[PDB]
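Enquirer: how does the following fold in three dimensions:
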Amino acid sequence: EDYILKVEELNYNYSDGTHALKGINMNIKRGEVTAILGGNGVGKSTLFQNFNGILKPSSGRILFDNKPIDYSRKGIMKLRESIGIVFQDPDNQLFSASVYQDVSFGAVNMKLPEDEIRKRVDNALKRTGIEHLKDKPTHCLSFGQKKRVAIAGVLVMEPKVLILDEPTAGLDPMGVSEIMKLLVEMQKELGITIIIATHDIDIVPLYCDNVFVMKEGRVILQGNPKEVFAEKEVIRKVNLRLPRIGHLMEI
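Expert: Residues are numbered from 1 along each chain as shown. See below for the structure:
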């Protein structure tokens with residue numbers, strides 16, 4: 001019940017023979033916010049595609065929810081119901097319809113009692129802060145609102161894991177902290193595990209319990225962000241108290 005994903009000695013090579021991930025060991029705790037950090041080309045998408053089964057490891061394995069992944073068609077279908085994906089650009093995920101039609105599209109085809117669809121969708125919209133936009137056309141929303149609609153559409157299925165692909169995209173730093181604090185809050189109320197792929201090492205990690213730094217398809221650092229970015233954190237606190245001394249420490 002500690003780890004929602006354990007990656008054990010995982011290797012991945014593309015079918016052309018390109019070695020993408022090497023001896024990856026990663027233990028992701030249930031009900032924490034974990035981020036996987038690194039610039040492009042580091043292998044974040046390759047890792048995340050293994051998590052939801054679109055790729056299968058060449059060597060080693062992944063335990064999801066304490067159990068091996070079942071790679072049959074049925075097993076993959078089951079695994080993806082447990083795992084919600086929020087895309088970088090919400091346009092890639094949203095329908096042109098009202099916020100309520102889009103978000104409720106998911107429940108509507110699972111044959112639930114209507115009043116259970118009602119609760120699920122309304123709770124989803126409250127939980128993402130977008131009740132007031134229930135009847136607004138998606139095409140009229142800000143990027144930030146759209147992203148909240150994407151998240152809400154995924155909450156409706158009650159996944160166990162929420163995976164966000166670069167959640168800082170299209171957002172100013174205060175935009176970023178808004179979305180991060182929203183995610184920290186929904187975990188408090190839902191117990192959902194949050195996994196983030198990002199290159200942002202400044203804001204995103206202040207909201208994380210755990211962090212993995214990747215380079216050329218290997219983990220090279222890991223742990224509590226307070227400890228991993230111990231030095232950046234000292235600087236941050238200095239700016240907070242003595243604005244000018246902290247810039248001589250960046251000098």
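
Enquirer: you'd agree residue 123 is in a helix?
Expert: Yes: note on residue 123: a helix contains this position according to DSSP: H, G, I helix; E, B strand; the rest coil.

Enquirer: contacts only, for it.
Expert: Neighbour list for residue 123: residue 155 [criterion: Cβ atoms under 8 Å, 6 or more residues apart in numbering]. For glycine as for every other residue, the C-beta is placed from the backbone atoms N, C-alpha and C.

Enquirer: mind checking how far it is from residue 161?
Expert: Noted for residue 123: a distance of 19 Å to residue 161, by Cβ to Cβ, to the nearest Å.

Enquirer: contact partners for the closest residue to residue 225 other than its chain neighbours?
Expert: In this structure, residue 225 finds its nearest non-sequential neighbour in residue 205, 3.9 Å apart by Cβ to Cβ, 6 or more residues apart in numbering. Contact analysis of residue 205 by Cβ under 8 Å, 6+ apart lists 35, 37, 211, 225, 228-229.

Enquirer: list the contacts of the longest helix seen in the chain.
Expert: Longest helix in the chain, counting residues (DSSP state H): helix 173-190. Residues outside helix 173-190 that contact it (Cβ under 8 Å, 6+ apart): 31, 33, 127-129, 144, 147-148, 155, 162, 164, 167-168, 171, 192-194, 200, 202-204, 206-207.

Enquirer: following element in sequence after the helix or strand containing residue 233, please.
Expert: Residue 233 belongs to helix 230-241 when assigned by DSSP states H and E. On the C-terminal side of helix 230-241, the closest following helix or strand by DSSP H and E is helix 243-248.

Enquirer: just checking, what packs against that following helix?
Expert: helix 230-241 (3 or more Cβ pairs under 8 Å, 6 or more residues apart in numbering; DSSP states H and E).
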